[PDB]
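Naming: A, B, ... by sequence-line order, numbering from 1 per chain. Reckoned from all heavy atoms, side chains included, excluding hydrogens, waters and symmetry mates.
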Amino acid sequence: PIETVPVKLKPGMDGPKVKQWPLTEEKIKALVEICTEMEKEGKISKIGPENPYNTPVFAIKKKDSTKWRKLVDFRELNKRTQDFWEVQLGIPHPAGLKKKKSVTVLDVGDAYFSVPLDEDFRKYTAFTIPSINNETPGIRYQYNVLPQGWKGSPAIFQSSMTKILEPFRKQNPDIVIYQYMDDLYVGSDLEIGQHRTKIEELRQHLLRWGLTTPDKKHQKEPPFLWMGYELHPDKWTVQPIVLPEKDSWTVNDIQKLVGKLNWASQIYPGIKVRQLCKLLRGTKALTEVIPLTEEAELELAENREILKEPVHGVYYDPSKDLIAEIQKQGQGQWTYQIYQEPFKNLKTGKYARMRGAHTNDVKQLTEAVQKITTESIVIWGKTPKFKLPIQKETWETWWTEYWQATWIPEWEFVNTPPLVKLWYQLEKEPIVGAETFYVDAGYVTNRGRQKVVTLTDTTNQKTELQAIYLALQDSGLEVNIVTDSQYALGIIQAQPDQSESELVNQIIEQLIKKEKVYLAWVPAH
Amino acid sequence: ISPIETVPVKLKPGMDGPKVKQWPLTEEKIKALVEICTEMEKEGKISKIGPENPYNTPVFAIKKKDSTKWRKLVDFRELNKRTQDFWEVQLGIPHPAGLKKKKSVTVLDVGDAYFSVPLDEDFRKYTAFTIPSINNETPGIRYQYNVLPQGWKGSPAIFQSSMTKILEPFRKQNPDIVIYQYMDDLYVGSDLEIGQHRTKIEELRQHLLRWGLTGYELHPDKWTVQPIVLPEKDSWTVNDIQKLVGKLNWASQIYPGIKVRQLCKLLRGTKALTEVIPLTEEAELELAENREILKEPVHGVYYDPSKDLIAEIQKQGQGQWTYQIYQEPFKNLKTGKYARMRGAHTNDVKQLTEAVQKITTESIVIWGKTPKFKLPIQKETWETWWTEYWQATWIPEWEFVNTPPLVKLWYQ
Ligand SMILES: CC(C)=CCN1Cc2cc(Cl)cc3[nH]c(=S)n(c23)C[C@@H]1C
Ligand SMILES: [Mg+2]
């Protein structure tokens with residue numbers, strides 16, 4: 001038997017005392033039968049009038065079958081049960097798995113009832129099966145094992161299974177076992193016969209504790225279509241994605257398409273969705289039809305072709321280095337691929353996360369490095385050596401001059417156009433011979449010139465970007481610009497090369513054409 | 001699993017235990033953690049827990065100073081914040097104002113001293129922690145403490161007595177030495193020449209071994225506050241004057257006696273930036289007075305035991321950093337500078353960690369409390385690399401921020 005896990009109710013609460021719904025004789029007859037079965041099996045045992053707690057039960061028929069099932073409504077008891085460590089949503093990613101000669105999945109089979117329930121807690125699982133004639137039986141029961149559908153069941157069952165498997169695991173340190181729901185995955189590099197035997201051995205080890213497992217004649221064989229994936233002994237991939245051939249596309253359709261499209265990203269490089277996302281602008285209803293533009297059409301056609309190609313990922317080989325390579329697919333878009341062996345990945349991906357309203361490729365590429373770093377540590381436990389399209393000098397220039405602290409692991413420059421660069425750099429010292437503009441929506445120069453323009457609907461801070469812009473447009477190749485807007489100063493000082501604000505983008509364009517620019521700040525009153 | 005008497009500890013009223021997430025660990029760290037945790041399990045220090053304990057506290061592996069040995073570090077920060085305060089009356093522990101004046105102070109990690117005292121059976125669940133697994137391939141090894149844990153605030157309090165008894169002899173045999181405890185750390189100050197100092201340090205060591213109790217060497221005396229400085233130059237241009245004004249216009253919020261009048265008058269007219277402007281007599285004397293005013297920290301800054309200690313750090317470049325410790329805005333208790341040390345390796349993160357640590361030691365030595373840092377770095381980055389260079393046994397509360405371009409220009 002297994003060691004009982006002590007359960008407690010949430011502090012300051014009493015057990016469930018909820019009424020049982022009136023039942024149909026037909027069903028009562030079914031319940032009495034099922035409950036007796038469970039009592040003979042010791043799963044449950046009748047109680048005395050001592051117990052005031054109760055939980056509703058009802059009979060259900062099996063889907064597309066003709067027979068009775070017993071369902072207990074543990075909602076209430078669950079609200080009152082303490083929290084457990086429970087199952088974290090942390091699941092293994094296919095690219096983290098290694099190659100195996102043979103893998104099998106043993107379907108545990110309701111081991112919930114195979115595991116005992118803390119005696120002290122047992123009373124809280126009380127339920128009642130009403131009598132057929134008014135004043136009569138009305139059998140009262142309580143659980144002796146883990147109730148199907150109870151709060152602690154999934155957690156306690158998993159903990160129990162782990163203990164039960166500790167030994168078998170120490171005995172065979174060449175066999176990986178992974179638990180998931182009512183499934184037990186066993187993988188191994190044993191030649192087929194040896195494996196097949198070891199599996200039968202594991203089954204017996206479960207049977208000793210009551211975990212009735214399935215025979216090799218009805219077990220699930222690879223691939224393992226698990227969570228949108230298709231698991232194989234040596235390779236992996238995602239469940240085949242089929243793109244619709246619609247004439248009319250609803251916003252809902254377009255939205256689902258982008259979702260399926262994004263999913264593919266992790267393995268299919270080249271998947272693009274920008275054009276498709278644009279169809280969502282100004283949409284008034286999920287049922288609204290948006291015709292497709294020539295660019296969206298071209299993008300859909302391209303992804304369709306990309307998907308007609310059954311690419312697959314490869315498992316991790318602990319003996320070889322991890323290599324991450326990053327590229328610029330578009331403005332703001334970066335594509336990466338992690339491989340151990342020359343140009344054939346374990347996983348791929350995209351990075352479009354724009355942090356802040358303005359940025360530059362150098363800053364953005366850096367942030368992609370950090371995402372991959374976190375992701376690699378999570379999946380493979382170590383960071384990959386990166387191959388980036390930026391030269392050392394370029395990175396060091398930006399780095400040492402930026403106010404924030406940054407650090408890139410270990411990388412190598414890869415001359416693969418486009419090479420990321422800084423399109424412009426502000427002067428560290430005011431330009432001699434250059435004209436000086438004193439902005440405020442209007443500027444005045446040392447040379448006498450001046451323009452006062454009219455701005456409508458402008459925000460306080462945007463008016464400040466405008467003046468700078470103005471000075472920028474009317475000046476020569478070399479300019480000195482004095483401003484009082486610490487805001488505008490901040491932005492332009494950041495050396496952005498892309499922004500959400502078109503005004504900033506224009507200023508940026510102006511900045512690129514100049515030979516020399518010095519921006520200075522001063523309080524103005 | 002426990003001996004002697006266990007002192008009952010409780011979380012603050014109504015407070016529940018911590019359920020903090022574990023930041024992803026590197027395979028090497030995990031391995032180090034598994035090796036270390038198994039020995040602690042055998043020694044009965046910790047025990048595997050079941051799914052009926054929902055709590056969690058983050059753990060990490062750091063590297064001991066000049067030693068190929070890892071040290072499990074447990075981020076008990078949240079738990080400590082939820083742990084009851086500890087008594088009143090005659091608490092022989094406060095803080096030696098004298099410790100900061102000493103010539104040499106050594107730090108000793110007397111953390112293992114806790115491992116000899118059991119933790120109240122009931123509080124044990126709250127100290128829960130989890131060794132993570134590569135790619136979630138396995139549930140994760142869960143443990144809790146049976147003994148006073150390192151890094152928890154309750155530990156020094158509960159061991160306080162056992163500690164004083166042990167130190168009373170050395171304390172009365174060498175009163176020319178100042179010893180102050182902070183968490184797992186022990187501060188040993190003295191004015192003896194470096195030679196006699198290290199000797200005495202070593203002697204305290206074996207004296208601790210004597211009772212089962214098994215690196216860093218400061219010089220608090222030489223700590224000096226960094227004042228606000230103004231560019232002194234041969235000839236001044238419009239630009240120089242413009243900057244001098246912005247700076248002085250800021251420092252005035254601190255020292256109000258700073259005037260800019262004359263200097264501003266030199267900035268009349270849309271002249272060219274590069275145009276050199278000689279300073280009128282009345283301006284030269286204004287700048288000069290401004291200089292004298294900045295020669296010293298602002299009068300009236302007092303440490304308040306009841307307020308948070310905040311520390312801000314700024315990237316100045318080429319391995320240089322500037323920090324300030326204060327409680328009320330602009331009212332600094334201290335300001336300083338930091339330049340890359342220990343290795344032709346240094347990158348932004350390693351330096352920041354060294355700096356944070358450096359500033360933290362000082363606060364403990366000075367006020368006997370760690371500060372709340374405002375770090376100039378992206379969270380994800382910090383969380384990924386901080387552990388790789390950390391060596392302290394305590395972990396201060398930190399937050400991340402976006403340093404203003406102007407503040408930098410006003411320091412160093
Ligand atoms: C569905 C999940 C999470 C399976 C995890 N699972 C089964 C599996 C399946 C294949 Cl085809 C190759 C695998 N390689 C490895 S490692 N595993 C694995 C780990 C365990 C044994
Ligand atoms: Mg102006």
Side-chain angles (χ1 to χ4, degrees), chain A residues 3 6 8, chain B residues 1-13 15-18 36-50 52-53 55-57 59 71-76 79-94 108-129 141-173 179-187 204-214 393-394:
Chain A
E3 170 88 284
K8 320 172 64 168
Chain B
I1 311 173
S2 24
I4 37 261
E5 72 239 301
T6 72
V7 34
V9 190
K10 286 219 141 205
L11 299 175
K12 280 162 185 159
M15 283 187 214
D16 191 32
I36 303 189
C37 279
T38 299
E39 72 181 273
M40 287 184 75
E41 195 186 345
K42 292 172 182 174
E43 290 153 26
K45 287 172 186 170
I46 63 182
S47 292
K48 288 200 194 72
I49 45 188
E52 76 288 342
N53 177 332
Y55 310 121
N56 200 251
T57 299
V59 287
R71 197 200 119 132
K72 190 166 71 97
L73 176 65
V74 184
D75 185 357
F76 279 113
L79 180 76
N80 298 340
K81 248 176 294 178
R82 304 185 186 210
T83 299
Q84 65 157 80
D85 320 87
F86 290 110
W87 286 37
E88 300 172 288
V89 203
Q90 59 173 119
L91 300 170
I93 178 69
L108 264 64
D109 182 29
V110 294
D112 288 316
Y114 300 144
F115 294 160
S116 51
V117 186
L119 175 59
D120 179 46
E121 158 56 32
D122 298 280
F123 199 91
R124 294 186 182 177
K125 54 179 170 300
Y126 301 134
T127 68
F129 66 88
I141 315 162
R142 301 267 295 150
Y143 296 110
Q144 78 176 34
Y145 278 81
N146 294 126
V147 301
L148 286 186
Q150 296 185 135
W152 176 49
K153 89 162 172 185
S155 303
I158 291 173
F159 184 84
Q160 185 63 102
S161 296
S162 200
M163 185 50 91
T164 59
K165 178 179 303 310
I166 306 166
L167 292 174
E168 79 182 310
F170 210 100
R171 242 141 164 321
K172 291 193 291 74
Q173 187 50 66
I179 300 189
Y180 170 63
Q181 177 186 33
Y182 193 87
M183 306 293 274
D184 307 3
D185 298 334
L186 203 70
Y187 297 83
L204 200 223
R205 295 183 181 184
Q206 284 79 264
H207 170 271
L208 298 182
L209 263 292
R210 171 65 65 201
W211 279 275
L213 170 49
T214 33
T393 63
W394 34 240

Report all side-chain donor-acceptor pairs from residues 111-119 of chain B shorter than 3.5 Å, counting only partners two or more places apart or in another chain.
| unit_1 | atom_1 | unit_2 | atom_2 | d |
| --- | --- | --- | --- | --- |
| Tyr114(B) | OH | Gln181(B) | NE2 | 3.0 |
| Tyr114(B) | OH | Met183(B) | O | 2.8 |
| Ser116(B) | OG | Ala113(B) | O | 2.8 |

- Task: Please tell me if the side chains of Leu204(B) and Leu186(B) come closer than 4.5 Å, counting only heavy atoms from C-beta onward.
- Result: yes

- Minimum heavy-atom distance between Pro94(B) and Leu91(B), given as atom pair plus value: CD-O, 2.9 Å

- Message: Using every non-hydrogen atom in the two residues, find where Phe86(B) and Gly154(B) come nearest and quote the distance to one decimal.
- Response: CE1-CA, 3.3 Å

- Message: Can you confirm whether more than 12 heavy atoms, excluding those of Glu3(A), are under 6.0 Å from its CD atom?
- Response: no

- Taking all atoms of both residues into account, what is the closest heavy-atom pair of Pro169(B) and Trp211(B), and its distance? CG-CH2, 4.2 Å

- Query: Do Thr6(B) and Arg124(B) have side-chain atoms, one donor and one acceptor, less than 3.5 Å apart?
  - Reply: no

- Given side chain to side chain contact (heavy atoms under 4.5 Å, CB included), test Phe123(B) with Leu79(B) step by step and report yes or no. CA-CA 11 Å; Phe123(B) 199 91; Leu79(B) 180 76; 4.1 Å; yes

- Looking only at heavy atoms, the pair that brings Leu11(B) and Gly17(B) closest together is CD1-N, 3.4 Å

- Query: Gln84(B) side chain to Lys10(B) main-chain N or O, any donor-acceptor pair under 3.5 Å?
  - Reply: yes

- Message: Under a plain distance cut-off of 3.5 Å, with no hydrogens placed, do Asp185(B) and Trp394(B) share a side-chain donor-acceptor pair?
- Response: yes

- For residues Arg71(B) and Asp109(B), determine if any side-chain heavy atom of one lies less than 4.5 Å from a side-chain heavy atom of the other. yes

- Message: Counting only heavy atoms not in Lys12(B) (residues, nucleotides, ligands), do more than 12 fall under 6.0 Å from its NZ?
- Response: yes

- Task: Check for a donor-acceptor pair, side chain of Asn80(B) on one end and backbone N or O of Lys153(B) on the other, with a separation under 3.5 Å.
- Result: yes

- Note on the structure: All heavy atoms of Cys37(B) vs all of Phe129(B), minimum pair found to be SG-CE1, 3.7 Å

- Pairs where residues 141-152 of chain B contributes a residue and the test side-chain hydrogen bond (donor to acceptor under 3.5 Å, both in side chains) is met, not counting sequence neighbours: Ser47(B)-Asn146(B), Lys72(B)-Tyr145(B), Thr83(B)-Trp152(B), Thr130(B)-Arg142(B)

- Item | Over 12 non-hydrogen atoms of neighbours within 6.0 angstrom of CD in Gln173(B) | no

- Task: Would you indicate whether the side-chain heavy atoms of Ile179(B) and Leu167(B) approach each other to under 4.5 Å?
- Result: yes

- Item | Which residues share a salt bridge (charged side-chain N to carboxylate O under 4.0 Å, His left out) with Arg205(B), sequence neighbours left out | none

- Regarding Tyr126(B) and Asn53(B), is there a side-chain donor-to-acceptor distance under 3.5 Å anywhere? no

- Task: Kindly check if the number of other-residue, nucleotide or ligand heavy atoms within 6.0 Å of CD (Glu168(B)) is above 12?
- Result: yes

- Item | Residue pair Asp16(B), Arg82(B): steps toward the salt bridge (charged side-chain N to carboxylate O under 4.0 Å, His left out) verdict | CA-CA 8 Å; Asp16(B) 191 32; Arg82(B) 304 185 186 210; 5.7 Å; no

- What are the two closest non-hydrogen atoms of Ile93(B) and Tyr180(B), and how far apart are they? O-CE1, 3.6 Å

- Query: Within a strict 4.5 Å, meaning less than it, do heavy atoms of the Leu208(B) and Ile166(B) side chains meet?
  - Reply: yes

- Side chain proximity check, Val59(B) to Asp75(B), heavy atoms < 4.5 angstrom: no

- Task: Rounded to the nearest 0.5 Å, what's the gap from OG on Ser2(B) to CG on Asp120(B)? Could you check?
- Result: 9.0 Å

- Hey, mind stepping through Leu209(B) and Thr214(B) against side chain to side chain contact (heavy atoms under 4.5 Å, CB included) and telling me if it holds? CA-CA 5 Å; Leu209(B) 263 292; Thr214(B) 33; 3.5 Å; yes

